[PDB]
Each structure stands twice: as C-alpha cells, then as structure tokens.
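Since the structure comes first, as structure tokens, the remarks are kept for the end.
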Amino acid sequence: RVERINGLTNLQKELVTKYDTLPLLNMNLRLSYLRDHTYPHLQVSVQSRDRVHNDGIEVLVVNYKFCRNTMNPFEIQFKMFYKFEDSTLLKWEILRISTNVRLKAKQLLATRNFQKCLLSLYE
Amino acid sequence: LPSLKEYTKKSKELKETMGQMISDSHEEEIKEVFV
Amino acid sequence: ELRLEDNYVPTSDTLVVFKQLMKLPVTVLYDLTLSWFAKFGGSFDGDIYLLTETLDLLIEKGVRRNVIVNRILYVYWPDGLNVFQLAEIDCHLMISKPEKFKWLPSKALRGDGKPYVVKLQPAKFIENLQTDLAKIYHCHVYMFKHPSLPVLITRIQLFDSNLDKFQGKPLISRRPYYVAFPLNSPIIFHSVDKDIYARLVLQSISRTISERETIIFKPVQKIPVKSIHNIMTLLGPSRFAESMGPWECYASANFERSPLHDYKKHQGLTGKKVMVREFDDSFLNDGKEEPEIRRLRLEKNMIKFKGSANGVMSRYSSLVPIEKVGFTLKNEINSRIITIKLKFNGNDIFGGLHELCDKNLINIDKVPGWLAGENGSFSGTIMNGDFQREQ
Amino acid sequence: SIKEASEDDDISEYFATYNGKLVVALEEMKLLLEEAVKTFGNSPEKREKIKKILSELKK
Amino acid sequence: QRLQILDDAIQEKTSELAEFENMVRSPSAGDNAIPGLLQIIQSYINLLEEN
Amino acid sequence: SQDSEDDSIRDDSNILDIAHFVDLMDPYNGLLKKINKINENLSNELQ
C-alpha cells in the first residue's frame, strides 16, 4: 500500500510509514517541540507575510514577546526582506522595541547579524 | 601602570558628580512612596 | 650530522627505479625534470631554458615515456638519483594511484584525555622531526600537500648499516613510512607497519608535534582501509564522520534548506511518497509485484543503506567501500548473555548487504543500524542496543 | 541615545533641563492627582488610578 | 612595551571618561522643591487611597 | 593589612554607579518618562 504523508499527517500514521531517518513531518509536533522545549516562555507571532512577487522578495513582520518575566515582559518587532530563492537577507530593520529593554537592545541591535541579536535577547 | 591612579581620581570625580546628580534627582524618595 | 640532506645519493637499484617511473604519465615527468634541474641540476649540460626547450621538442615529438625515462636515468643522472628524487617520485605515485595504499588511523590524545587538534608549522615540523630522528637513524623526511584533499602527507625514509662481499659503500633504504596529517583533526593516518622502525617514527612524531604537553597516539582502528580520500571521509574532519549509513542525509543536508527559503517547496507542504511497512511477520511467508511499489521498496533499501533516496552519486557502491567489519551482538534473554559474532569480508560490505536486501534475502525492516552502515568501518560490540567500538 | 532623542543635541544642557523637567513633571503630576481626587473620589476610579500608578512606577 | 600599550589604551579611556565628566557636571540646588512636591504628592495620594 | 581599602587596584562600585546613573536618566524608560507615562495614564483615566 502506497501512502502520501504531508505536514498535517497523524503521528500514528507517520509511525506506520516510517522507514527513513528524516525528522518527523507532523508540523504540530514540530511546533510543539519548538515552543515548549527549545524556546519556552517566548510568544512569537507572525502577522504579515506579504510578498512583492515581481521582485521575488518576501516581506515578513514578526513579534517576539519574551514572556519569562510575566509581570513586565519586553517585546520586539522585526521586519525581514527575503530573497525567496538563492536566499539572501538583503535588509532587516527593527520596527518597534518595548521601552523597558530599549537601551540595551539599542546598543545591541546597532551591530548587524540579527541571529546573534535574537539569541542574545533570549539569553 | 601610572594611569591607574589617574583613573582612580577621575572615577572619584565622576562618581561624586553622579552622586550629587542622583541626590538632586530624589529617585529614592519618590520610589518608596510610589509602591 | 647523521641527518640526511637533500643532496646525498643512496644506492638504489636502477631496474627498480626504471619500472617505478614507468607508471608515471609524461606530464608529471616533464614537471619533475624541470623542477629537479632548476633546484639541484644534473649531469646533462645546458641552460634551464635550453633544457626546457629540449623537453618541449620531446613533447611535440610525441615520444614515448620509455625514452625519457632512459634519458633521465642514464644521461641526466647516471650516477644515481638523489633522496629528494626518490621521495618525490613515490609521492607522485601515491597521488596518481591512491587506491594502492592502506592507512591506519590514530587519535592524538593528550593529558587528561581530550583529543588534541594537531596543527603543523610544516618547515619547522620537518626540521624538528629530522633533528629528532637523526639521533637514532639516518633519516630523510619529505612533506607535501595533497592537490585535492586538505592533508599534509609526510614520507619518512630510514637507512640502515651494511664469502666476501667486495665493496659498495652503500646506505640501503627501507620501505618508507607515510604519516598523513589532516589540517585540523586529532585523527592521524599512518602507513601499515608494525616493526620497530614504524614505532620509532610514530614515537618521534608524537614527541616532536607536542612541544607544550605530552601527546600519545592511541590507535582507533586495527583494520587498514585503502584510498586516503575514503579514510578522510570516515575518520577525517568532515561531516560524514559520525554520520554514516542511514544517517548520511544529515551529513549531506539534502532534505532541509535554509529557513530563508521558499516555503512552497518545503517538505511538509509538498509531502513525500512512502509505503505502509508491515510490522507483522510476513517476510518469511513469501511474485511479479507492481513496478511502482517495487520501485518504492528499492528506494526503501536505498534509503536504509545509503541515507538518500537517490543515493550519494554501479548503484550499490557506497560512499566509502569497507573491506572488513566484525560485530559482536550481545543480548540478555532471561538473565543470560547471548553473544553473536558476525564477521564480514569483501570489497564493499554494506553494498553487498544492500544487494542481498534487494534480492529479498535480508529483511530491510529488521536490519539494524550497525548492519546498515551506521558507524562504518568500525567493528565493535553491541550491548544494550548501543555500539561501542573495539580498541 | 540622548543624541538621537534630542535632535538639538547640546548634551550638556540635557541635565539641567532634565532637573527642570523633573520638577515641572512632578508638580504637573501633583496637579493631575489633585484634580482626579477632587473630581470623582469614587471606589473603582480611585482603585484603578492607584493600580495604574503602582504598575507604571514599580515596573 | 606590552604594559606601555596597555597603559596608553587605559589613558585614552580615562580621557574619554574625563570628557564625559565635564559633559555632565551641571551645578544646581533645586532638590528641596522636588522633595517638597514629592512629599505633598505622596500625602495627597495617601489621602486619596485612604478613601 | 586585612581590613583596608585605599588603592582602587580592582573596584566595581563605579560600574554599578554608572549602570544606576544610566538607568536613572534613560531617554526611553528612565525616571522622567515613567512620570510622563503616569501623567498620560492619569489623563486617560480622568479625561
């Protein structure tokens, strides 16, 4: 029996048809891992992934809400410009910073390589 | 290192200026009465 | 004074050198002749440009390599080849024919037990090695970098002492000992030799690498493997080390792309085509099965043994052929340790096992990880489901 | 931060004017709190104002 | 010479700190008015919270 | 001797004071901007 499995496949149905070493495609399970285990207490949110298909450039805006200190959590909002093929980050800019982390993030975000910025903010 | 004593006196002057600025600001007086 | 310089001539048999240069192509012979006459010179009289023009006339004459071999062994250097020549021709044979040499890996452990990532200053390392080995034997060492691989291969040649044997005044050579240094890796590849001279060379190498804290070489494998490219794929500082067999997909990263990429071509959206594997014992019970699901079970065996659906690219040939592996599987069936010793032999163990799995002789749903090519070229004991290698 | 938040930079003048702005800000906040106390003096409004002041001051 | 270049870097940093120190020295004596306003505001806020 | 501190060969009270002073007059969070936030909250609650 030939079966097609996608990102919305059941976990039991995936374990029925598992004979490779690739990671599990159950995307709810993948995001459950990503939310609960590697980065807990972080309410990420994406709200606009609009694109300029003439240039082949994707515009992404995400909100990172570091809610480990639930009384006064500090949140940030990025804007990324993809290349959507031959993936190059042409430009990224910081749309909004919460004022209670604004100075430390202002000193940190002045440098490039925003992956370090996100990891440093979470740490 | 002759410049260590220079930093000692410079940091003493800077700390004195910052301390008198903080005392003029009265942050500790308004902090306790706001909680 | 016991160190051997790059201008001494040893006693080498002319016929052995004659048959040794036969295997080299004409263009490396040309490059060697110009480099040798530019550095050391020869008995032939002429300008360097004049000799370049003479070899040019030889190469647009289309002459066979035999004539130029007789020339460079009979008029250019009739008395005998210098040690640098004898080392460089054999290193060029190593470059031309890498499959004719077998290597043995050895980790560079140090101090507490953390491996030492060996880094070489090549000229100073050669000078220090030659001065260290000069105290014991008549040593000449030659070092070069691979044109393709990121290694530093040395060649250590040791010379001994010498009815009435008339007179030779010789210095008889032995078989050279090769030690390959990868750029940044604790694993050290050396030639297969267990006599006292090989131990001396490895000992002097360990003493002359260190210079800060004492370093010991512990052998991580006792079965030699051919083809230096393969031993860099296995034990060298690459991604394919510690990800082999069914896990070569992680070492090649052909299944995931960057997070900055198109999300319409993601694996979870397009999906992949698989088959329901029967967990009930039905392999032993069972003809002209459908050619689409036959392709899927062939792909299943291909995935299990090479990691990729299309493989790392007849088609059974793995990324690294393995000659000898021996696994000692141990289980605990009701408080009894039950050992099974599986030994293997051939030109490519896991390719042959893949072919046997394709012929429905071995169940691909029950073939374990270590049999499938995981932690390849390592022979060890499987206790509690965990493979620990032998020593 | 002061340089990009002023646009008239004169950063030495930021501190005396900081003290003056603090004085006028406290007297203005005094005026607003007196107006809020005299205007309603209710139960829900006073509790909401106290909670807002405590939340904005402590955190 | 290593300590010389270390002391030169330290001296440059002290010059920067002294530049900042002249930049912040603002003479004032207005703390009494701020303290009185804070005391009055605290008393009125306590009176409002008491109701 | 043992209970003495006259040469600042290693001191970190100054960096603590620098951090406190910077946190005090921050143009974004600071002390004056907290007072302004209290002002806007009181204005929204009253008017």
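Bear in mind that the values in this text are calculations on the coordinates, not laboratory data. Note that each Cβ is placed from the backbone with ideal geometry, even for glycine, and that neighbours are counted across all protein chains shown.
Quick notes on this structure:
- 19 Å reach of a label modelled at A:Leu11, 7 Å along Cα-to-Cβ, counting backbone N of region A:22-63: A:22-40
- Judged by the mean number of other Cβ atoms found within 10 Å, the most tightly packed of the peptides C:194-200, C:24-30 leads the ranking C:24-30, C:194-200.
- All C-alpha pair distances within region C:25-102, sorted into 10 Å bins from zero, spread as 17, 51, 27, 5, 0 percent across the bins.
- About the centre of its Cα atoms, region C:182-262 shows a dipole size close to 340 debye [charges on the beta carbon of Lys, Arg (+1) and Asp, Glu (-1) only; nearest 20 debye].
- Ellipticity estimate at 222 nm from DSSP helix runs (n ≥ 4, -39,500 (n - 2.57)) divided over chain C, nearest 500: -9500 deg cm²/dmol
- Separation in nanometres of the label points that stand 7 Å from Cα toward Cβ, at C:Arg315 and C:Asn254: 1.3
- Debye intensity ratio in log₁₀ form over the Cα atoms of region A:2-57, taken at each q of 0.12, 0.13, 0.25, 0.30 Å⁻¹: -0.48, -0.55, -0.96, -1.18
- Taking the centroid of alpha carbons for each part, region C:26-81 and region C:174-237 are 35 Å apart.
- DSSP-defined antiparallel bridges as percent of all bridges, the protein assembly as shown, nearest 5: 95
- Size of charge dipole - the protein assembly as shown - debye, nearest 20, with Cβ of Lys, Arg +1 and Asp, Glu -1, no other charges: 4100
- Under 19 Å from D:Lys51, Cα to Cα: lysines that are on another chain or at least 8 residues apart: B:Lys31, D:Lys30, D:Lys38, D:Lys59, F:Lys33, F:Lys34, F:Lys37
- Taking every residue in D:9-17 and counting other chain Cβ atoms within 10 Å of its Cβ, the average works out to 3.
- Positive contributions from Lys and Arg (+1) and negative ones from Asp and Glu (-1), summed over other residues with Cβ under 11 Å from the Cβ of A:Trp92, come out at +2.
- Bridges between two residues of chain C, per DSSP, are antiparallel at a rate of about 95%.
- Calculated Rg and Dmax of the protein assembly as shown using C-alpha coordinates, Å: 38.9, 131
- Between C:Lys359 and A:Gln115, the simple label model (points 7 Å from Cα in the Cβ direction) yields a spacing of 4.7 nm.
- Set of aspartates and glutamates near C:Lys222 by C-alpha distance (under 17 Å), chain-local residues within fewer than 8 positions excluded: C:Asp193, C:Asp195, C:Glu323, C:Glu390
- Straight-line cross-link partners of B:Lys10 among the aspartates and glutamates, defined as a Cα under 18 Å from its Cα and at least 8 positions apart when in the same chain: E:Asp7, E:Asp8, E:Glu12, E:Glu16, E:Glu19, E:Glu21, F:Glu5, F:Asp6, F:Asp7, F:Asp11, F:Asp12, F:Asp17.
- Projecting the alpha carbon convex hull of region A:19-123 along each direction and taking the average yields 8.8 nm².
- Dimensions in Å of region C:1-149 - Rg and Dmax from alpha carbons: 18.5, 63
- Neighbour cut-off at most 16 other Cβ (10 Å), DSSP loop, trypsin sites (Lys or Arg not before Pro), region C:31-132: C:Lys61, C:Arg64, C:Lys119
- Each 10 Å bin from zero up to the one holding the largest Cα-Cα distance in chain C carries the following percent of pairs: 4, 17, 23, 21, 17, 11, 6, 2, 0.
- Once the C-beta distance of C:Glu5 and C:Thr27 is scaled by a Förster radius of 35 Å, the resulting FRET efficiency is 0.75 to the nearest 0.05.
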